[PDB]
DNA sequence: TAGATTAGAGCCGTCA
Ligand SMILES: NC(=O)c1ccc[n+]([C@H]2O[C@H](COP(=O)([O-])OP(=O)(O)OC[C@@H]3O[C@H](n4cnc5c(N)ncnc54)[C@@H](O)[C@H]3O)[C@H](O)[C@H]2O)c1
Ligand SMILES: [Mg+2]
């Protein structure tokens with residue numbers, strides 16, 4: 001008979017200085033934090049893709065319902081939720097004829113055809129950007145199904199361009215970085231899920247009961263990419279800086295040259311929220327190692343400290359590093375040499391590879407969300423996925439797994455670490471969901487890392503998150 | 002009066018009714034509806050008729066397929082017409098058209114000569130129309146507070 | 002009797018009608034139009050005949 | 001020969 005503790009919901013902040021624990025309800029009751037005037041869209045694709053996009057835009061100007069409004073809050077229509085206009089008249093079309101696609105998706109070598117198709121789209125996008133008089137807020141790329149189907153790494157059809203990944207999405211995002219063009223890739227079957235079927239007369243993907251959720255997700259993504267602030271955190275304590283770290287393989291290179299990318303977050307002293315990537319991919323030549331050599335650790339921590347000092351005016355009073363791996367002693371000493379006198383440095387480790395499950399003995403519903411077993415003063419199990427009583431369901435299907443949080447380096451309070459980690463699950467702008475299973479300091483760093491690894495020509499990349507998601 | 006009455010065909014028009022009630026209450030209008038109270042049974046009719054006849058300034062009817070030829074809604078319309086004649090107010094019932102299947106050729110006699118607000122194309126346009134009509138007709142209101150709707 | 006009535010077919014001739022009504026209002030006249038001054042929820046044939 | 005950490009890919013369910 002051990003003991004469990006409970007951690008309360010973090011709460012998030014919306015228009016008019018009102019707080020709620022749900023993004024859907026908070027946006028459908030008050031509205032976002034800033035005021036876009038409208039979204040002028042730029043669509044690129046075939047004529048059929050343009051027709052499908054126009055259909056979808058006309059669709060989401062009106063209320064959309066889910067089968068269970070309690071489980072999934074409705075969608076009251078785009079312009080009532082967001083107080084800005086995004087309709088099918090500010091659209092601009094740039095054709096990509098099937099003649100262009102046919103001559104390229106036949107090379108039988110995944111690399112070359114991926115390169116050719118990425119070029120076919122991005123050359124038109126850049127031409128439109130540099131030599132036309134419109135002001136396009138976001139670029140929407142309607143990708144036919146065949147283009148996405150076979151451009152995967154390990155999928156077969158039934197040297198100059200070899201310095202690139204074998205993925206359409208990653209290479210597309212990486213090769214547009216120096217132009218700074220917000221983009222949203224759409225599969226053709228997602229926007230029109232009714233007309234893509236199988237040998238049964240039924241949709242491949244059935245969205246009939248979850249249409250409102252899809253509308254929420256797409257609308258929030260589009261709104262964020264055009265420069266909107268949907269929500270912010272509630273009571274982030276001043277003086278604390280968070281910093282994610284994730285390592286990534288490099289693959290097509292003489293050496294694995296493990297790359298490390300970070301994501302920085304703090305409070306801007308205007309009671310705002312600064313959440314931007316602090317990235318220039320630092321490398322490690324040794325194969326299979328996930329530790330930085332002292333020089334890269336020094337440079338990384340110095341860069342993060344300088345970013346904070348410039349954005350605020352004085353150094354952090356507390357810095358937390360969230361990683362998926364443990365830190366060796368040389369790396370931590372490197373970190374400590376370049377850290378100010380009055381700044382506490384704490385390194386944490388979040389892992390999913392640990393078998394521990396808890397079963398409710400009575401019913402058929404899973405454990406609650408805010409629970410946590412505190413093994414020690416330097417370890418604990420935190421449930422971030424579980425039954426949420428506000429929506430009357432669990433975020434998973436089967437018995438969920440907890441996160442294992444360890445204070446590997448430094449000295450802090452495990453209760454504060456757990457509380458902070460739980461409150462970082464509420465800033466997933468790539469999704470419109472109640473909560474996420476991982477802190478976003480560790481999820482957006484990964485997304486940055488997996489984009490600026492599909493190429494090598496990028497130097498001094500942008501930090502804003504809207505060029506990678 | 003100070004209150005706005007909403008008549009709808011429970012339980013088919015619940016989504017729109019909840020949406021509209023929450024939006025109006027978040028804008029400073031006091032709304033009386035059969036979904037905002039979890040207690041029923043005693044005086045299931047007296048209270049409703051008393052509220053219509055005593056302290057109701059506006060009567061909003063959710064005109065849809067379910068609400069046409071619905072006994073409770075018809076009785077509500079009868080009481081509303083009586084009160085409207087008593088008050089000598091020409092604009093007291095304001096139908097809301099939310100159903101695409103309900104053609105204007107097949108609406109109730111009690112509301113067939115009245116200018117209805119359209120919601121079929123988009124709900125935000127309908128809300129804008131309702132707010133502009135209320136402002137023009139000087140419907141009493143409170144300073145808009147979304148916290149009421151949140152609570 | 003100082004209102005200029007405008008009769009048209011709705012919604013096929015809405016662009017020209019709205020243009021003309023806005024122009025005549027700008028010039029200073031009083032204009033009654035099926036798409037800009039009819040009320041919502043009012044007996045419309047009777048009001049039109051009265052106008 | 002083991003134990004103990006790490007990162008890639010691929011596939012399937014979301015309602016009733
Ligand atoms: N421009 C015109 O054609 C014009 C001008 C003046 C009057 N009218 C009358 O003739 C029209 C004939 O319309 P239709 O049947 O061909 O097409 P319709 O009813 O689908 O569209 C016509 C418009 O519908 C609205 N409407 C009709 N009945 C209404 C009601 N009970 N409550 C609220 N709005 C209502 C009005 O704005 C009307 O102009 C309307 O009955 C009335 O306005 C037409
Ligand atoms: Mg995205």
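Protein chains in written order, with the deposited numbering: chain N, 1 to 158, 197 to 507; chain M, 2 to 152; chain I, 2 to 52.
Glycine included, C-beta positions come from ideal geometry on N, C-alpha and C.
- Annotation for residue 80 of chain M: the continuous alpha helix (DSSP H) segment containing it runs 72-88.
- DSSP lists N/12 as the bridge partner or partners of residue 20 of chain N.
- Distances from the alpha-carbon of residue 376 of chain N to those of N/229, N/494 and N/333 put N/333 closest.
- Shown here for residue 27 of chain N: same chain residues with a beta carbon closer than 6 Å to its own, the five before and five after excluded, namely 81 in chain order.
- Residues of chain N with a Cβ closer than 8 Å to the Cβ of residue 16 of chain M are, in chain order, 63, 65, 69 and 74.
- In this structure, the straight-line span from the alpha carbon of residue 138 of chain M to that of residue 49 of chain I is close to 20 Å.
- Chain-ordered listing is empty here: chain M has no CB closer than 7 Å to the CB of residue 6 of chain I, the nearest sitting near 18 Å.
- For ligand 1, the residues with a Cβ under 5 Å from any of its heavy atoms are, in chain order, M/116, M/117, I/9, I/10, I/11 and I/35.
- Taken in chain order, the whole beta strand (DSSP E) runs of length 3 or more contained in the region 307-383 of chain N are 312-314, 320-322 and 356-361.
- For the options N/315, N/151, N/320 and N/25, the alpha carbon positioned closest to that of residue 287 of chain N is the one of N/320.
- What residue 23 of chain N touches in chain M, judged by beta-carbon distance under 8 Å, is nothing: the nearest beta carbon there is about 14 Å away.
- From the beta-carbon of residue 30 of chain N, the residues of chain M found nearer than 7 Å are 147.
- Scanning the region 458-489 of chain N for uninterrupted alpha helix (DSSP H) segments of 4 residues or longer gives 482-489, listed from N- to C-terminal end.
- One finds 147, 148 and 151 in chain M with Cβ atoms closer than 9 Å to the Cβ of residue 18 of chain N, taken in chain order.
- Judged by the Cβ position, residue 23 of chain N fails to qualify as a neighbour of ligand 2 at the 7 Å threshold, every heavy atom of the ligand being at least this far.
- Using a Cβ distance threshold of 8 Å, residue 452 of chain N and residue 416 of chain N count as a contacting pair.
- By the Cβ-count criterion, residue 65 of chain M is buried, with 16 or more other Cβ atoms from all chains shown falling within 10 Å of its own Cβ.
- No Cβ of chain I is located within less than 8 Å of the beta carbon of residue 82 of chain M.
- Residue 123 of chain M reaches chain N at 61, 62, 63, 77, 79 and 80, counting residues in chain order whose Cβ is nearer than 9 Å.
- For residue 92 of chain M, the closest Cβ of chain I is nearer than 8 Å.
- Not one heavy atom of ligand 2 is found less than 7 Å from the C-beta of residue 256 of chain N.
- If you look at residue 397 of chain N, you'll find it isn't in any alpha helix (DSSP H); DSSP assigns it neither H nor E.
- Taking a C-beta cut-off of 9 Å against chain M, the contacting residues of the region 35-51 of chain I are 39, 40, 41, 42, 43, 44, 45, 46, 47 and 48, listed in chain order.
- Going down the chain, each residue whose beta-carbon is closer than 6 Å to a heavy atom of ligand 2 shows up: N/259, N/468 and N/507.
- In terms of Cβ geometry, residue 422 of chain N and residue 363 of chain N do not form a close pair [threshold 8 Å].
- Taking a Cβ-Cβ cut-off of 7 Å, residue 100 of chain M has no neighbours in chain I, whose nearest Cβ is about 17 Å from it.
- Rounded to the nearest whole angstrom, the C-alpha separation of residue 408 of chain N and residue 15 of chain M is 32 Å.
- In the structure shown, residue 30 of chain M falls within a coil segment according to DSSP collapsed to helix, strand and coil.
- The continuous alpha helix (DSSP H) containing residue 118 of chain N extends over residues 110-130.
- With its beta carbon less than 8 Å from one in chain N, residue 23 of chain M belongs to the interface.
- Look at residue 36 of chain M here: in three-state DSSP terms it is coil, with no helix or strand label.
- The region 247-260 of chain N and the region 288-301 of chain N do not touch, with fewer than 3 CB-CB distances between them shorter than 8 Å.
- Here residue 57 of chain M is buried, its C-beta having at least 16 other C-beta atoms within 10 Å.
- Put simply, the backbone Cα of residue 105 of chain N is about 6 Å away from that of residue 113 of chain N.
- By the Cβ rule, the region 109-127 of chain N does not count as touching the region 68-75 of chain N, because fewer than three pairs are nearer than 8 Å.
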